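Protein chains in written order, with PDB author numbering: chain A, 24 to 501; chain B, 24 to 377; chain E, 1 to 470; chain F, 232 to 471; chain D, 232 to 352; chain G, 230 to 284. Positions of the beta carbon are idealized from the N, C-alpha and C atoms, including for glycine.
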Ligand SMILES: Nc1ncnc2c1ncn2[C@@H]1O[C@H](COP(=O)(O)OP(=O)(O)OP(=O)(O)O)[C@@H](O)[C@H]1O
Ligand SMILES: Nc1ncnc2c1ncn2[C@@H]1O[C@H](COP(=O)(O)OP(=O)(O)OP(=O)(O)O)[C@@H](O)[C@H]1O
Ligand SMILES: [Mg+2]
Ligand SMILES: [Mg+2]
C-alpha cells in the first residue's frame, strides 16, 4: 500500500515493468528481491520501466522491488588504483574488498565554456608516427579508428605504459571484449609495471547490455574525481560501437521509437554527453585536465556509417589504421594522409615542432607520386629523389611493440631523416641504422639528450651535426 | 449542441481531432474559435479529423469548432485581377478587401472526353528558342524542368509579360518560394505593366504545409472561372516538387504508410487530378482554354526520379533546361535533345513552320 | 490557476497533466522548481517546451536540460508565453545559452529588462523591401566576385586552417565600422573547446564589445540544440525592428540544426521520411530562414556554415538549405598555404547578385574578365609545370604575367590582422576595387613587380609599395 | 472492358482484339486504396494482395475453343526500374514482351525497343523458319558482343581493339541503326511518311547486312528507312 | 553440445575439442524466433539481442586452471558480405581466422586457404 | 626521328583522352552510388518502422 515498493508485471530480455513505486526518481537505482540491481528509465503513467543490471533469470512475475533513494553512482578514490572493477564498482580481480569512502554520480554536467583553457601541454604517446604528424595534447579528445585486428589495443597499451614517469593517472575501459583478452591486458600491464597508477573497468560480452551501456560513464566518473582535484587523467574506450549496440538493445527492448538503423533518437546525445566531459580546466578551477581516446570499429574500411560519423564529428582529431599497411610492415600503420589532429602545434614541444614541419610534406609527396614507384625504374628529376626519400620516411616511421621511444630520441631521429643523412643508407639498413643510432646516442649524446629534456628546444646545430657525422662514419653499410 | 458545433480533443503538427459535428460533410470548411479555418478530412465513428489551414499555435484542446456548411471553395471574379492573395482568397498586399461575389469549389471534375477539342491556337512566349523549337499551344500542359538557378522563374515571367497584347489572363502561383523573391517578382510585373491582367497566389515557405498543398488547386479554380466563360487563361506553378513535399509531410503526420522515396501512394493522383483540369474546350462548351506550365526541380539533372517521371507521364511534353549549358553563358539553356512538344507543330503559325 | 503535475517521463520527453480548461498553448514554456524535501530526492531546476496536446488534458513537452531526478506528481508552472530572452544594449558583449541566461561570469540581467518571445510569425508581405541592395563588406574579393545582399543568406564552405574565424571577425569589424550595425553569433552544435577559443579570439580582437554570442553546445539535449538558433535570431530581430540597423547574423553550423530537429521528431515518435529525416524538415527550415529578410527600415544578413554529409550535395538537408541561399564562399587550402588572405576561391565562389541588373555593366564586365583570366591561368598550370614558362605562346605569356598580379591583388590586409602583422588594416570601397581591377587588366601596371600587389588594399598602395622597394 | 470483350469471345465466337492503354494504373489504384482498408504494407509499399489481384484479372484474358482474344497491353515502369514489383509480377502473364529503353530513345532510335531483353515464345525454328531463326540469333549475338565492348570503347577508344572486334562494332552500329523505322503515326512529329515492311524483306535485309554487303555505306544512311533498298537510296543523294 | 563438453573440462580435467558447424545457422535461428516473439528487428532484420546471445554462447569456451576447451567453428558468409552482422559480431571473438577466398576457390585451386587474408594471434 | 616524335605525340594525346574519360566515368558512377545509398537507407528505415508499428 506504500509508494516505495512494487510488484513486477513483466519479465523478459533483461528488462522489467513494475506496478507501484509512485515516488521513484527518473534514473534512480532500484533493488530486486533476489538482490540484483536495476535502473528506472521509463516512468509510465501506471508502470515503471526497469533495466536489470545482472542475471535476470532468477526474477519471476509477482516478486517485490524496492526503492534505494540514490541516482546511480559509482565509488571513487585512490584505492581503486591498480584494481579491476565492473561499472558498478564491485571488484572482479578477486583481491578482496575495494575499500572506498566516496561516491560520484554517473551523469554530471560537463565543464562550462568559461571553465576551460586552451590546450598547451603535450601528451607523449611514445609512438613516432603519432608524436611526429598527429599531435595529442592534454585536454584533447582524439579518435583512434581502424578495422578489426589492426593494433588499436596495442597502441593504447603502449600509450598507457609510456606514462610511467609522467604525473598522470590512466584509466582503461573494456567494453564487449573477451575476458581472456582483458586478463591478458591486465597481465601485460602488471608485467610492465603500469598497474600501480591504472584503473581497469570491465564489461565483458557475456554481461547484460546495461552494464556495457554504463561502463564508459563509470570510467569518466572515476576520472573526474582526480581531474577536479588538480591532476591529469587519460581515459581509453575500447568499443564505442559496442557501446552503441548495447544502447540500441536497451532502447528497442524498452520499445522506444526506432530511428535510422534501429538506433534510438538520442544516440548522438549519448556520445556527446560521454565525450564532452574531457577538457583542460582553467587556472581558477585548477590545473587538472582529462583526455579521452575513444575507439571505433570500421566494417571493411567503411567510415561513413552512422556511429563512426557521429564520433568523427564529435572528436577533435582522427588516427586511421589499415590492415594492408599493417601487412606491409608498417607496424603502427598510421595512414598519415587522411588522419588529422586539430590541436597540432600547441601540443608539441619546440624541437618536435621544428623537426616535424618537413616530414609531412615529404610523406605527402611520396604518397602522391607512388604512381611512378611500382611502374618505374626510369630517370627523373623529382621522383628519382622524391620516392627514394619517401621510402626512407616510411621505413623510419616503423616501430616495434612495447618499446616507447622518448621524445628527445624521436626528435633526434626525425632531424637525422629530414636532413638527408639517410639518403645513402640502404632501405633494409634504415631500421638497423635507427637502432644503432639510439644505441650510440645513449652513451655519446648526453649533452644533447639532457639539453633537450631541460630546455624543450633543439640543441646547437654544430654539436648536433658533429655527433651525427661521427656516428654516420661509425656506421656499417650492408 | 453537438450537431453543428464540435469540440477539439487533440492538436498537433497542424492536425486536429474534434468530438461532435454529427451533420458535417466530408470536405466541408470548419471555422475554429479564433477565426482559423479548417477542412473536415476524415469522418470517423466518434471523432472528426480536421486539417488546420493556418497558424495552429492559438488553437487549444477544448476549443469550440463551428460548421460553415460550405464545401472547400475559394472566391473568384474580375475583382481579383491585379491583387495578391493567399490560397484562401484573402489579400496580402494590403490594398483593402476583395469584392468578389461568387466562389468555386477546390475539388471539381475535369472536362469530359466529348467536351474537349484539338489544340490549334498558338501561345506566343516571346522566347525565340521555345517558340521556334518547342512551341506551346493554348490548352496544352507543358512542363519546365531543371536544377536550381537555371532561369525557370525568369522564363515564366517573360511569358507572362509577353501576353500584354494577346487576349490572355495570367495566374502565377508561388509554392514554397521566398517572400523576398515573390515581392521582387510582383514589382517586376508591376513595372512592366503585367498587373492589368495578372493574379498572384502565394504560399511561402514559412506557411504551414496544408496551404502549400492547397495553393495550386486554388489557382486552377480561379482560372476555371474565366475558362468556362469563353476566355483564355494561363496558370504557372512555381514548383510542384514543393507541393509534393508538403503532401508527403502531411501524409506522414497522418501516419499513412510511405512508398517509394517515402512518398504516399496517392502522390500520382495528387498531380493528375490537378493537371487534368487544363484543357481546350469545344465550340459547344464555349471555346475557352487553360494552359498550364508546372515547374519541377531535379537533383543533379536526373530525370529518372520518381516525381519527374510522374509529372512527365501527365503533361504533353517538357522543356529541359541544361545547368552547365546555362553556366556557359547561354541563359535560355534549352537541351534540344530532351525537349519535346507532343501537341506542337499544329499549334504554330504558318510562317514559323517554314 | 497555472499548476500542473508531471505524470510521465520518458527521457527527454516529459508529459504533464493540467486541470481542464487551463491547458497551456503550443510552444509555451513550463518551469519546474523543486527543492529536496528529504534526503531521498534531488533538487530540480528544469524548463520544458510544449509540443503536442495528447488529449485527456495532457501535454507532451520537450526538456531543455537533463531530466534526471524527476518524480511523477511534482508541480509544474506555466509561464503563459514562449521562452523569452533579453534584448537591447544589455546583450552586447555577453554570452548566453538558449534559455536566455548569461553564461559568462560577468553577472545576470535584471528581471526588469525587456524580453521577447522566441517564436513569432515571419514578417508580412507588404512589410518587405521591394528592391535589392548590395551590402558593402569592404573586402575586395567578396565585393568583386561574390557580392552580398542586404537580407540575403550566404553559405560559407571551408574548415580549419583557412582563417574562417579571421574572416568572420573582419566582417564584424567592417560592418560595425562603416554601417553602424552590430553582429550576433549563434553557436549551434559547436564544440565547447572551439567556442572557448572563439570567445578569447574575439576578446583579443576587440569586436566582443559590439557583438552578442549565444551557445548551444553538443552536450545539451536536442531541444536546446534545436532552439538556440531562434534565440540568436530574436536577439538580431530586436535591433532590426527597433534601431533600423543593418545587422549580421552568424549561424555556426546549420546542419546540426536539422539533425537536432530530426532527433526531436524521432523522440516525439513521428514517422520518418526520406533517408530518415523528420517530415517537417522543409517547414522548420523555412520557419527559421524566412525571418532573415530585409524590411522597410533595416535588414538581417546571415552567414551560415554548412556541412555536407557523405559529400553528397543531393542529401535532403543540404538540398533544403541551398533552396534559401543567395551566395557562396569557398575557402581554399591551396590559397591559404600559398599566402593569399582571406583565401577566398575566386572561381568556385558564386553569387546570385553578380548580374548587370543588380550590380552594373562595368562591374559585371570586370568580374567576368577577371574570372576568365584566372580560368585560363588555371588551364596553363600543367604545361607550365612540364615544359617551362618561356616555352609558351606570347599571348599566354602575357596572360600568365597578368594572372599572378590579379591573384595577389585579390589579397587584403585585414584590421584584425594588425595584432600580429603590425600593419594597419584597410577598407576598400567597391568603386575603388573595380577601378583598380580595371587598371590592372588594361595593362597599366605590367612593369611593377608582382610582390607589390601582395597586401595593399587600394590601387595607390601597390604603386607606393613598389616605389618604396625600388 | 474485359467483360464487354468476353461476351463476343464466348457467345458469338468472334476474333477479338483487346487494347489496354495502361494496365499499371490498375495496381497503382489498388495500392492507393489498400492502406485505408486496413491491410499491412508490403515490400515497396504495395498492397499485400498484388499478385493475386493481377492474376485474377489476367487469367480471364485468354483464348479458348469458343473464340480467340489477342491482347496488347501497355505497362508502365516506375522510375525506369524493371525490378519494381508491379512490372516484375506482370512478366509471368505474357507471351511476347517488348522492352522500351530511355537510352535508345535519347539516341534518336525509334522505336526504342531493347533488342536483347525483348522475348517471345514464337521465336522457334519450327514456327518462324530456320533462316529467320538463324538471322535473329546472329543479330542478337552481335549486339551482345557490342554491348560487352562498351566499357573498353568508352575508357580508351576503338584504337586498341583487335581487327575482328572492330568488324563486330562496324556491323553492330549499322544493325542497331537499321532496327529503327519510320512509323505512319509519326507523320505529325516529322514530315517523313511511314512505311510497312514485310517479314521476308526484313529477314533478307538483315541477312545482307550480316554478310557485309553494305559495309561501305555510312551508318547514318540506315536510320529510319524501312526496306533495305531505301538504305541505298538514302546513301545516294546524301553525298556518297 | 557446449554443456556436454563443459563436463569433460571441469569434472575430469581433460582437454576437449568442440566442433561447431555453421554458427550462421545458430544466429539465424534466433533471428527467426525474434520476429515470432514480436520484437522490432535490427539493422538487417536481425534480432536486437544478437550480440548478447552470441556473447553468452561464445564466452563459455575458455581455458581455465582445471582444463581447456578449444573450438573450431565454420561460418558461411552470406553472399560474401563480410559486413553482415553475423560475421561482424564473430570477428571480435576468434583468436585465429582462416579465410576461404572465393577468388582461389573459383579458379580451380583448393583448399582456397588464403595465404595472406588469414590472421592469427 | 619524325616518326618517333609523332609516336610520342600520339601517346600523349590519346592517353590524355583516356584519363579524361576515366574521370568522367568516375563522376557518373559516384552519382549513381549516391542515389543507391539514399534509396537503401530509406527502404531500411521504412521497413523497420513498419515492423515496429505492426504491434
Ligand atoms: N607496433 C607493433 N609492433 C608489432 N606488432 C604490432 C604492432 N601493433 C600491432 N601489432 C600486432 O598486430 C596484431 C593486432 O594488434 P592488436 O592485438 O592490438 O589488435 P586490435 O586491432 O586492437 O584488435 P581487436 O579488434 O581484437 O581489439 C597483434 O598480433 C599485434 O602483436
Ligand atoms: N534569359 C536570361 N537572361 C539572362 N539572365 C538570366 C536569364 N534567365 C536567368 N538569368 C539569370 O539567372 C538567374 C537565375 O534565377 P531564376 O530564378 O530566374 O532561375 P531558377 O532556376 O528558376 O531559380 P530558383 O528556382 O532557384 O529560384 C536570374 O536571377 C538571372 O540573373
Ligand atoms: Mg580492441
Ligand atoms: Mg527560380
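- prompt: Which stretch, first to last residue, makes up the alpha helix (DSSP H) that contains residue 180 (chain B)?
  reply: 175-185
field: Proximity test, residue 182 (chain B) beta-carbon vs ligand 4 heavy atom, cut-off 7 Å
entry: no
field: Any non-hydrogen atom of ligand 3 within 7 Å of residue 320 (chain D) CB
entry: no
task: Following the continuous beta strand (DSSP E) through residue 302 (chain A), name the residue where it begins and the one where it ends.
output: No beta strand (DSSP E) contains residue 302 (chain A), which DSSP labels as neither H nor E.
query: What three-state label does DSSP hand residue 236 (chain B) in the structure shown?
result: helix
query: Which residues, in order along the segment 253-278 of chain B, keep a beta-carbon less than 8 Å from a beta-carbon of chain F?
result: none
task: Return no unless some Cβ of chain A is closer than 8 Å to the Cβ of residue 304 (chain D).
output: no
message: My assumption, with CB atoms under 8 Å, is that residue 284 (chain E) sits in contact with residue 261 (chain E). Please give the rounded CB distance.
response: 5 Å
field: Beta carbon nearer than 7 Å to a non-hydrogen atom of ligand 3
entry: A:175, A:176, A:200, A:261, A:262, A:318
- request: At 7 Å on the CB atoms, spell out the chain D contacts of residue 364 (chain A), in chain order.
  value: Neighbours of residue 364 (chain A) on chain D: none; closest Cβ ~27 Å, over 7 Å.
- request: Check whether the segment 99-119 of chain B touches the segment 212-232 of chain B, taking contact to mean three or more Cβ pairs, one atom from each stretch, closer than 8 Å.
  value: yes
- request: Determine the chain A residues that contact residue 281 (chain G) at a beta-carbon separation under 9 Å, and present them in chain order.
  value: 275, 278, 280, 281, 285
- request: Note down, in chain order, all residues in the segment 311-331 of chain B with a beta-carbon under 8 Å from any beta-carbon belonging to chain G.
  value: 323, 325
field: Whole-angstrom distance between residue 124 (chain B) and residue 252 (chain B), CA atom to CA atom
entry: 16 Å
- request: May I ask whether a heavy atom of ligand 2 can be found less than 7 Å away from the beta carbon of residue 172 (chain B)?
  value: yes
query: Using DSSP with H/G/I as helix, E/B as strand and the rest coil, what is residue 438 (chain E)?
result: helix
message: Please classify residue 307 (chain D) as buried or exposed, where buried requires at least 16 other C-beta atoms within 10 Å of its C-beta.
response: exposed
message: Measuring only from the beta carbon, is residue 355 (chain B) closer than 7 Å to any heavy atom that is part of ligand 2?
response: yes
Closest Cα partner of residue 364 (chain E) within the set E:274, E:159, E:248, E:437: E:437
Exposure of residue 235 (chain G), with buried meaning 16 or more beta-carbon neighbours within 10 Å: exposed
task: Look up residue 327 (chain F) in the DSSP assignment and say whether it is helix, strand or coil.
output: strand
task: Starting from residue 139 (chain E), trace the beta strand (DSSP E) both ways and give me its first and last residue.
output: Looking at the DSSP string, residue 139 (chain E) is not in any beta strand (DSSP E), and its letter there is neither H nor E.
field: 8 Å Cβ cutoff, residue 199 (chain A) in contact with chain D
entry: yes
query: Between the C-alpha atoms of residue 149 (chain E) and residue 214 (chain B), what's the straight-line distance to the nearest angstrom?
result: 22 Å
message: If distances are taken between C-alpha atoms only, which option among E:461, E:7, E:434 comes closest to residue 471 (chain E)?
response: With chain E covering only 1 through 470, there is no way to say anything about residue 471 (chain E).
message: What I want to know is whether the C-beta of residue 352 (chain D) ends up closer than 7 Å to one or more non-hydrogen atoms of ligand 1.
response: yes
- request: Establish whether the CB of residue 387 (chain F) and some CB of chain G are separated by less than 8 Å.
  value: yes
message: Is residue 355 (chain E) near ligand 2 - that is, is its Cβ less than 7 Å away from at least one heavy atom of it?
response: yes
task: On a CA-only basis, which of A:70, A:51, A:276 is nearest residue 60 (chain A)? Give me that one, please.
output: A:51
message: Please report the straight-line C-alpha distance between residue 34 (chain A) and residue 315 (chain A), rounded to a whole angstrom.
response: 37 Å
task: Output the boundary residues of the alpha helix (DSSP H) element that contains residue 396 (chain E).
output: 394-409
message: ligand 1 and residue 352 (chain A): does the residue's C-beta get closer than 7 Å to at least one heavy atom of that ligand?
response: no
field: Alpha carbon of residue 122 (chain B) to alpha carbon of residue 212 (chain B), nearest angstrom
entry: 23 Å
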